[PDB]
Structure formats: C-alpha cells, structure tokens
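# Return atomic coordinates for the entry below.
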Amino acid sequence: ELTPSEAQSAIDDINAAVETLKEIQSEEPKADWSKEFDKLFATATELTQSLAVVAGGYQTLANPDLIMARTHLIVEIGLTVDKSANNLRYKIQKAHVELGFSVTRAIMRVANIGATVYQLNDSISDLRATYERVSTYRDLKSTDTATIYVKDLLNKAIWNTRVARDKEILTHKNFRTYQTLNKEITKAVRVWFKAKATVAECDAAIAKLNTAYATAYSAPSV
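Numbers count the residues shown, from 1 in each chain. Take a look:
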C-alpha cells in the first residue's frame, strides 16, 4: 500500500526536516532541544534507507503505518524546533526546558525499536501541545540572565559583523577603520562570554555592534 512515489515523498520530507535541524543546530549548539540530535539524524538515515527500498521497487516487510508515523514525527520535530528557534527566542528558560524535553522524548521514541503507531502519533500531539502551551509563557525581563537563545542572537551578530568586516572593510577601508571595528567586535565578544550577562547587556551589545559596522562602512574607501 505504500507506493514508490509515496516512499520518495517521505524521503524528501525527512531530508528537508534534517537540513532544517542541522542549520538550527549550527546556530544554537547548546540548545536544550539538541541533546539527542545525533540519535535523530542516525534514525532519519535508517528511515530513508528503509523507504529507499520501497522507492526502488524492492519489497520490504516493514510495517507501512509505522514507517509513515516515524516519518511524520521526524517532520514534526523539524517543524517544532524551527518555530521555537524563530518565535520563542525571548521566552523564559522554563519554556525552552519544557519544549526541549518534549523534543528529546520524541527523538527517543522515534529511535525506539519498540515504538508503536499510537506512541509515535502521541509524540506528534505532545510536540504540538507543548509548543502551544509554552508560546503563552512570559517573556524574559531585560534584567534576567540571558538564555543561550539570546546569547545565540548576539553570537549571530558577532559573526555577521566579522563576515561583513572581511568583505567590505578590510577589502576597501583604512587600517584604523578596520581596527576600530575590531575593538567594538571584541566588546561584544566579552558580553557573549560573560556567563551572567543580562538580556539587556546582550541587546545593547548587538546595537553597539550594528552602529560600529555602520560607522566603518560609511568610512572613506582607499
């Protein structure tokens, strides 16, 4: 009942979910949700290999309702982490602990050789229920300690500034212009490393970095 075409669509959906997850893992490596990403990716490989057997016209006796439930759950894990990364960045840490736990449980289940259709489908429901619940949690106060999600936004600004510095400032600007910008980058790096930095300190570091880059970009070329 699972046709080769349906099996290939499942493969494509799984691979798209895995690429989304790898990108987020690159940007937020210490995220609570990423504890078991290694197991998830290995399971995704086993799942697409089993699907590839069907897409290739060979016959496997692996249960189709189970393979598709695992497929739907991997897709859901991808969707959940993507929405969380994009929408929950300033939520209190409790939101991320709870959503990370839901993601971790879902990964453990999808990799579990004893998983049932009911359990996999219930994991999909739990990811959705957990996302909806923690979405209503309160936001961090600017005086709270920055979570790793806020620190990752600062890190992104640091790296964005380094990339732009090498392509636009070192290439065309004064040595003093380059060095001044590097000093401002260093100030942001220190905030990023300070374990007790507040949300406000991270937001201020981002804003100062953007102003420093603008100053350097507007400098006269030579």
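
# What about the residue nearest to residue 95 when sequence neighbours are not counted, how many residues nearby?
In this structure, residue 95 finds its nearest non-sequential neighbour in residue 134, 3.8 Å apart by Cβ to Cβ, 6 or more residues apart in numbering. All C-beta atoms are positioned from the backbone trio N, CA, C, and that covers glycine. Look at residue 134: counted by other Cβ atoms under 10 Å, it has 20 neighbours.

# Repeat that for residue 154.
Neighbour tally, residue 154, other Cβ under 10 Å: 22.

# Do I have it right that it meets residue 204?
No: taking contacts as Cβ atoms under 8 Å, residue 154 lies outside contact range of residue 204: 9.8 Å.

# In contact with the residue nearest to residue 95, which residues?
88, 91, 94-96, 98-99 (Cβ atoms under 8 Å, 6 or more residues apart in numbering).

# before we move on, what about residue 16?
Shown in contact with residue 16 (Cβ under 8 Å, 6+ apart): residue 78.

# That one and residue 71, how far apart?
Remark: distance between residue 16 and residue 71 (Cβ to Cβ, to the nearest Å) = 12 Å.

# ditto for residue 193
Using Cβ to Cβ, residue 193 is found at 41 Å from residue 71.

# Please apply the same query to residue 25.
Separation of residue 25 from residue 71 (Cβ to Cβ): 20 Å.

# okay, the two: which has more neighbours?
Neighbours were counted for residue 25 and for residue 71 using other Cβ under 10 Å; residue 71 has more, 25 against 19.

# these two touch, right, that one and residue 13?
Yes: using Cβ under 8 Å, residue 71 is in contact with residue 13, at 6.6 Å.

# Quick check: the gap between residue 11 and residue 164.
Taking Cβ to Cβ as the measure, residue 11 falls 37 Å from residue 164.

# and if you look at residue 111?
Distance, residue 111 to residue 164, by Cβ to Cβ: 40 Å.

# So for these two, which sits in the more crowded spot?
Applying other Cβ under 10 Å to residue 111 and residue 164 shows that residue 111 carries more neighbours, namely 17 against 14.

# Need phi/psi at that one.
When read as degrees, to the nearest 10, the backbone of residue 111 gives phi -90, psi -10.

# what sits against it?
Contact analysis of residue 111 by Cβ under 8 Å, 6+ apart lists 39-40, 42-43.

# Can you tell me the SS state at the residue nearest to residue 95?
helix (DSSP: H, G, I helix; E, B strand; the rest coil).

# how near is it to residue 140?
For residue 134 relative to residue 140 (Cβ to Cβ), the value is 13 Å.

# can you list residues touching both of those two?
Both residue 134 and residue 140 are contacted by residue 91, under the criterion Cβ under 8 Å, 6+ apart.

# Can you give me the buried ones in the helix or strand encompassing residue 150?
Under the criterion of DSSP states H and E, residue 150 resides in helix 148-164. Neighbour counts over helix 148-164 (16 or more other Cβ atoms under 10 Å) mark 149-155, 157-158, 161 as buried.

# and what of stretch 54-63?
Per 16+ other Cβ under 10 Å, stretch 54-63 contains these buried residues: 54-55, 60.

# Rebuild those as TSV, extending it with distance to residue 32.
Listed next are the buried residues of stretch 54-63 as TSV, based on distance: Cβ to Cβ, whole Å:
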residue	distance to residue 32
54	35
55	35
60	36
